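As a plain string of letters, each chain reads:
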Amino acid sequence: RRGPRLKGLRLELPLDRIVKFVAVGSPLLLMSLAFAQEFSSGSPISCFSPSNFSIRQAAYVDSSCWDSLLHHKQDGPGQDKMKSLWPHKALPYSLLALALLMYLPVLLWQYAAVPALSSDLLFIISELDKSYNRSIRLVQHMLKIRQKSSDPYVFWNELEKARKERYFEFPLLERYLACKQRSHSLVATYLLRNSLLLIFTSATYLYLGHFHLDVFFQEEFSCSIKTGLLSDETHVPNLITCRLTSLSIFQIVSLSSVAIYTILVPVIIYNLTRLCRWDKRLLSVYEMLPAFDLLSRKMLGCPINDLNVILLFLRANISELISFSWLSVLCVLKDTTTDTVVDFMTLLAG
Amino acid sequence: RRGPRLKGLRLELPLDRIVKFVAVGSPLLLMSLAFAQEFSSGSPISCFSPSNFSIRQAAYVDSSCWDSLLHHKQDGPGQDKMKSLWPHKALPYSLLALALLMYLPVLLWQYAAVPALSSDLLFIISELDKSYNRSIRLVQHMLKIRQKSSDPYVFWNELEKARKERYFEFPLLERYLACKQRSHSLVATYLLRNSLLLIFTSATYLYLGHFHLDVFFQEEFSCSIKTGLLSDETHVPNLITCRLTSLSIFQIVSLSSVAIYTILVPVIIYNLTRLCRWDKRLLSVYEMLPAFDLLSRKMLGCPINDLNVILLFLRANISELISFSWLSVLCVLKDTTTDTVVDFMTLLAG
Amino acid sequence: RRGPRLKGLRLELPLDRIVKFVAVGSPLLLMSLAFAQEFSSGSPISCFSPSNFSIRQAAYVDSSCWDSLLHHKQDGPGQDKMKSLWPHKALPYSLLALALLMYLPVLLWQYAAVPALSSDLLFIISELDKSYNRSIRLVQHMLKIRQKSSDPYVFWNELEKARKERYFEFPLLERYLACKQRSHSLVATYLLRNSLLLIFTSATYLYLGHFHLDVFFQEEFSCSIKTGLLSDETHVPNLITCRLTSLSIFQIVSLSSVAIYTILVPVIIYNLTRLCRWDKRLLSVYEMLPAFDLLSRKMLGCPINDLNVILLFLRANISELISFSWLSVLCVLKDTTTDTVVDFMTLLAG
Amino acid sequence: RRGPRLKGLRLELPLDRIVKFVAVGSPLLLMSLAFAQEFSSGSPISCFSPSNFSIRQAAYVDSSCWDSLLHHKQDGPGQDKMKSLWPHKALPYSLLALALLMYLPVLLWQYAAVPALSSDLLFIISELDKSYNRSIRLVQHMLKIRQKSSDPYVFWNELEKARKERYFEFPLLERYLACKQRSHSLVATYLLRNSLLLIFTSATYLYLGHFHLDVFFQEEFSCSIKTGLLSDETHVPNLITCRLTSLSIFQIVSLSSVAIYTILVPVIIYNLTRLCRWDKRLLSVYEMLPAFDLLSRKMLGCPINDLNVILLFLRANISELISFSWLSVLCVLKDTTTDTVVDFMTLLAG
Amino acid sequence: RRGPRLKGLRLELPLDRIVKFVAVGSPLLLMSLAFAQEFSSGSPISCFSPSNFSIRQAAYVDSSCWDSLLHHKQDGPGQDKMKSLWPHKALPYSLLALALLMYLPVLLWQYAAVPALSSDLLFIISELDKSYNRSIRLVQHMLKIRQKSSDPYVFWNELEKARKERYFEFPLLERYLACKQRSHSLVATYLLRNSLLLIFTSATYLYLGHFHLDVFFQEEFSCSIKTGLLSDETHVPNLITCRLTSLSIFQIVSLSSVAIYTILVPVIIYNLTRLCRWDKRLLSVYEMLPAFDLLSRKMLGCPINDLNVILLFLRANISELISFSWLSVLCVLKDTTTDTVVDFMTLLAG
Ligand SMILES: *[C@@H]1O[C@H](CO)[C@@H](O)[C@H](O)[C@H]1NC(C)=O
Ligand SMILES: *[C@@H]1O[C@H](CO)[C@@H](O)[C@H](O)[C@H]1NC(C)=O
Ligand SMILES: *[C@@H]1O[C@H](CO)[C@@H](O)[C@H](O)[C@H]1NC(C)=O
Ligand SMILES: *[C@@H]1O[C@H](CO)[C@@H](O)[C@H](O)[C@H]1NC(C)=O
Ligand SMILES: *[C@@H]1O[C@H](CO)[C@@H](O)[C@H](O)[C@H]1NC(C)=O
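Looking at the method and resolution fields of the entry, one finds cryo-EM and 3.5 Å.

Pasting the structure below:
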């Protein structure tokens, strides 16, 4: 039971997982599409060499014109003195670099803040189950006292006496939460990961705005082979002019990437917005029980604190651990009640 | 038992599963077929370049004419001044977009209403099994009383006394159902998912009615290569005219998609119609037992409530859980009867 | 034991499984053969273009002549004014449609009548095992009585007394069978599934009789490329005449399909014959025991009843469940007898 | 123990398994080889079209000549007026037909006589184990009586008394074997399966004699393309003459198949011969024990009986069940003896 | 223990396993190499057709020349009137035939002598473990008697008395071995398998000496196409001379096979030599104990006997069962000794 519980612990939340998967998969899918087009078209570009050229010489012209992009500019018949068509060649490598950059912050977060968070969460839940059991065991005596005397004054007096009994309130948890309220490692790592994601998205936006808008259409370009040593070769023409077939793919890729990452600009910000606010209905739900009461009163300071991330993960986990399926119903009863405690006690006893 | 039971819980119903599978498989299958044709034919289009052209120049003409679709229009010999053949090129990408769009609402429904529904169903079934056991334990005493006295007046009096015994009726369940009858999260998500499916089907209809009927046949088209820089090349012709071989595939795809999605317009509406009416024979069957009595008195309210979705899922689950195979036979006995309780008690004890 | 028994339940009969597999597999195998032929020869048809045409022009002629089948009808040199060669192109798609059509009724039967039949069968067998145990427990006392008194008059009197003991006859099963004898859901679904299979087979027969006999041989056909814009091109011929290589495959496919489905016309009819008649030797075998006697007295009604399908599946299952291996031997003894009960009791006790 | 034993039961005599595997594997292997040859050489035949023909025209001639085999005859320069070369084309399809035909009887035997044989075998072995135990438990008393009195007269008298004790001889098995000795279902199915195998082998012999000997060598053949519409084309020759490269493969295939099936004519006959003779050393071995004594007295009847097949599978199974390993050694002792029962009892007790 | 032990029994010896694997793997490896060569070069032979011939005519010449090997002879410029080059074509088929031939005796041995040997070994080991336990139980009393009286005369007398105690010597084993010493089934099958291996090796030697030495080099050969109908074609040459590229592979294959099988001529003979001599140090080691003594006194008979094969397998198995882990050490002690029994008893008790 305990062993399986530790393994099932969610240490990356349910929503950030989809963001990570999208941000790491989209560039890989686009790069795979680029390679698929490269191997489907056979030749990345096609050139209109004169009829005299044999097949091997035409292939030489094709290869030399396609390989001379990263080194020298090539100008089309609508452009200024120079235009750079290098992004057509380095597209898949840039996509791989983007994928690695987007994956980096995930590795940073995991390696830097998985162990401390795991230890804190497991300790807290282990203490909290026992705390809940100890808190509930007193409800029987509370019910007996309430049955004996109906007036609410004695009920309140006995509630205060039980709170002062000192059989609970777990000073271990008190001091641990007090220490956590100062720590900043978890919030630092979370904010840093989100900021890295935002910075890399902005880097992609800049890359696609500077080096893709200029040559977005760039149908054809006038290549040259005489720049080398065969400058005295009269057989070859001077300015063989040719085009690149995969252009459409390139276009789509660029646009596609932009769109996807725009969808990820709000969501990520929302993830960063979660910390600035304490997690309210559930707060009122858990205020009643002493076991959760101790951690409920630790929300007077600035919302940015190491205990805030622990609270987020604790809620995301207790939604399934099992220790939440009851108090919610009890507080639903309390909301419905104009007796609620008696009904809850009967249900718990059953 | 409890662990395996929660795993087997059906959280997506049996009928909607087929619709979800179809709406995603169909576009993916059509896209795979399109790619298979593209790699089987080798060239998406074929062009009738003059004899003088070498193989490389003919390949250049083919590539330039096929790549100049998304950018410029191409006119056939039966058309108006202009006609755009771009849908021939962006077909697989549009299929990707449609597949993602149809998969989106499934993800929305899952991530937004799987956990609340799962918890509610688990709690309800856990309470209901014990409720049924407690209800049946009293049938023995009822049988003893009936054996002692045969008149029906004492039967009615003892039934009323048992109903007033307060050993059951589970006020927990009463308050939970009362609270649920106000919730709207589950119905909101269900209606939103169905409406998203309908909206995306209408979007596909509009897309295939606007951008496919015009170029549905469009056998051939007259391409041009002189639009670029090689406008002084007398060697090349002016208006090389050529055709696209995969046309038939395209045609079929369009038609096929339409048909399939039409089949999904009624079914989805039926899914939306399930909520407008409370689930009648089964209601009368379960009215008898006190355990199901509490949840069978909620039919008065408006059909659109969070308890309605829970009722649908509860019926779909109880059809196989085990807690239904008995009461159905007991109410069949009641219908057949002009002793039934004694026979049912004997069967349950066995 | 109980859990494994439920899974092992045969809910589709042994014979109908082979019919389903054949009907859903034959078209898929033929379609795979068609695609294999399409990709083995490289091209579906071959055309005899003049010598002047380059390779690219010949490929254009081939593609345009093969793609102009669905859109226009071509004419061979043995035919009337015009003939339709479109079935050569839409063959694999028609095979896909046929496979889906034949698979549809299986899905209908499953989704519509798997749960009710499963519940009824499991309940009936669960009752019947303990019913047989209770019935056999009395054979010891019966044997003691027979040993004490040898005359058959007392034997018959004690048999009647035991039948009237009211310790068995399970009124639950009496009423359940009385109810099932009116239901018609299972028979309706079974008849509908078989009728759908027959209707789809007849549809295939009509399709192959209308759209394949006309162009069954159709060796060659005269294609034309001037129909488009290039009507002023004197270089091209007028009526390029060419042939389709895969014809033989097509032929075989058609014939093959016909044959297979003919084999399925009797068998399916035989499946519909099983309902019109009740399942006789086994009936007399099971008449003796009280446990099976109750369901053995329902043969008077009409053969078409919901209890008939349940009987068929019950026999098909009890052939392996274990509850049949004994009574058959006991009735074999009874047939051989000119003591049998004592021998059967000894065997059962062992 | 019991469960695993049922699964391990053999319902296909070891020897027949190899025949079943061979008769369905050889044609499949040959067909795979034929397809491998078809795809290794690229084209099934090669034709010697004149030099003027372009590559596409030569491919058209090849396809039309290879496709015109099933439709029209083709004559070589050594033949009569006509010769039919269609077996070259329909070879793999005929191999598929042969494989299906050979597999059909296996399916018939399974579906028609697996369940009855399985039930009979399992019942018989289940009874026989306890029967052997009961027979053995009396050997101790027999040994004590023999020790008390050494004369053989008292030994024979006590043996007769034990045989008459009525504590065994299992009248259940007496009646069951009496009923089985008249049944003919198992022998009918076995003989029918063997006869089907023989008939299909004879069909293959006839097919390979009528349609493969005539064109066994048939090196070349004179094809023609003018039969169609292009009878006014002076460019094409009249009687293009060409050959088929895979001939050798074809030859081998034919021969190979013949050889294999000849090997299967004796073996199958042997399988049919086993029924005509009752299973002799083992019969004398098992005659001694009372448990096997009852089933050893049925040899008088005609060899063809359902009990004969049950005996065959019973021996094939008891060779490994475990019940055979003892009595064989005991009868070996009896053969060696000029005390044996005492030694056997000691071994069994150990 | 008993179940796992029977599975672990080795019924094929360790040394013969390597021979069986090699004799079936080598030809398969060579055949795979031959097919790999056939598909690596594209064509099996190359022919020097004149320049006038087009590509298709050259392919026709290649195919016709390579296909006329099995039918007609072809002579090079160093040979007699005729030389046969058919072994170049039937090489992989001959390799398959050889692989099947070498695998046949393995199947024969398995199907004919796996069950009898398995049963004999199982019974022997099962009785032998108990025999050893019974034999060792008396060593304690032997030690007590030796301690009481030190003289060896009483030790010998008590050893004889124990041998005559009749509490062991297992007459079952005596009679089983006596019966086995006459049986010849196992020796017959073993010798037949070895002789089949030798005969097939000799057949391969003859095949490679007759049909490979003649045409071992046979660089080129003169092919003719005019033998057919096209004898009036002046366009074609008369005696096209051409070569076969894979020759080297062929050569190697032949040589390789020879070498491997020579390595298998001694080893197999050694396997046949094992039976002519009874298995000596181990015999003297096991002669001491009464359990092994009974089977150690059968060495007098002829070496060829069914008990000899059982002895070989029994030693090969007892080398790993566990029952040998002590007696070997005990006889090592006896060899070392100028007390040994006491030390052995202490070790066995521990
Ligand atoms: C064609 O080839 C000749 C020599 O091979 C060369 O002089 C001429 O420049 C070539 N044509 C063009 C357009 O360069
Ligand atoms: C054929 O080639 C010549 C020169 O190479 C060119 O002038 C002519 O335009 C070409 N034919 C066509 C139809 O363009
Ligand atoms: C052959 O080519 C010439 C010109 O290229 C053309 O006029 C003629 O029609 C062609 N042959 C045929 C049969 O069309
Ligand atoms: C060669 O071609 C010419 C015309 O292209 C044709 O008349 C002649 O028949 C051809 N040769 C043969 C052997 O058919
Ligand atoms: C070359 O071709 C001519 C006719 O096309 C033919 O007569 C001659 O034999 C050929 N040369 C050779 C070496 O076959």
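After that view of the structure, there is still more to cover.
K.L.:
Can you help me understand the site of ligand 3 in this one?
P.N.:
Residue and element names in this part refer to chain C. Close contacts around ligand 3 come from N52, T234 and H235, and that covers them all. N52 places a side-chain nitrogen or oxygen 2.4 Å from an oxygen atom of ligand 3. Burial of ligand 3 by the protein chains amounts to 39% of its free accessible area of 350 Å².

K.L.:
Looking at this structure, how should I read the pairing of strand β3 (residues 241-244) of chain C?
P.N.:
Successive side chains on a regular strand alternate, one facing one side of the sheet and the next facing the other. Residues and elements named next belong to chain C. One ladder, built from 3 bridges, connects strand β1 (residues 45-47) with β3; its direction is antiparallel. Residue pairing in the sheet places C47 in a bridge with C242 of β3. Relative to β3, strand β2 (residues 220-222) is paired through 3 bridges, and the arrangement is antiparallel. Across the sheet, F221 pairs through a bridge with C242, a residue of β3.

K.L.:
Sorry, what's going on with the UniProt feature "transmembrane region" in chain A here?
P.N.:
Per the UniProt record, "transmembrane region" is annotated on residues 21-41, 95-115, 197-217 and 249-269 of chain A. A distance of 30 Å separates the end C-alpha atoms of residues 197-217 of chain A, which is 67% helix and 0% strand.

K.L.:
Before we go on, may I ask you to explain the sheet that holds strand β1 (residues 45-47) of chain E in this structure?
P.N.:
By definition, the strands of a sheet pair up through backbone hydrogen bonds, in either a parallel or an antiparallel sense. Residues and elements named next belong to chain E. On the basis of which strands lie adjacent, the open sheet formed by 3 strands has the order β1-β3-β2 and antiparallel pairing. Either end of the sheet is taken by a strand with one partner, and the two such strands are β1 and β2 (220-222). Adjacent strand axes in the sheet meet at a mean angle of 30 degrees when their direction is disregarded. On top of the sheet, helix α3 (residues 55-67) reaches β1, β2 and β3 (241-244); it is set at about 125 degrees to β1, its chief contact.

K.L.:
Is there a simple way to think about the interface of chain C and chain D in this case?
P.N.:
By a widely used convention, the size of an interface equals the accessible area lost when the partners come together. Contact with chain C, which involves 30 residues of that partner, is made by 28 residues of chain D. When contributions to the side of chain C that touches chain D are tallied by element, the ones reaching two or more residues are α2 (14-40), β1, α3 (55-67), β3, α9 (247-276) and α13 (327-336) of chain C. Here the element with the most residues in the side of chain C that touches chain D is α9(C); it accounts for 5 residues. In terms of residue class, the side of chain C that touches chain D is made up of 15 nonpolar, 11 polar and 4 charged.

Here is what the cut-offs are and how they apply
- Residues numbered from 1 in each chain as written, not as in the entry; some residues may be left out.
- Chains lettered and ligands numbered in written order.
- Part of a larger assembly, values for the part shown.
- Heavy atoms only, no water.
- Residues with missing side-chain atoms left out of burial classes, pairs and counts.
- Near = heavy atom within 4 Å.
- Polar contact = N/O pair within 3.5 Å; in protein donor to acceptor, adjacent residues only side chain to side chain.
- Areas by Shrake-Rupley, 256 points an atom, 1.4 Å probe, with all protein chains shown as cover.
- Pairing = 2+ DSSP bridges.
- Helix = DSSP H or I, 4+ residues; strand = E, 2+ residues; numbered from the N terminus.
- UniProt positions renumbered as here; feature names shortened; annotations may be inferred.
- Axes fitted to C-alpha atoms, helices over the stretch in contact; angles between N-to-C directions.
- Contact = heavy atoms within 4.5 Å.
- Nonpolar A, V, L, I, M, F, W, Y, C, P; charged D, E, K, R; others polar.

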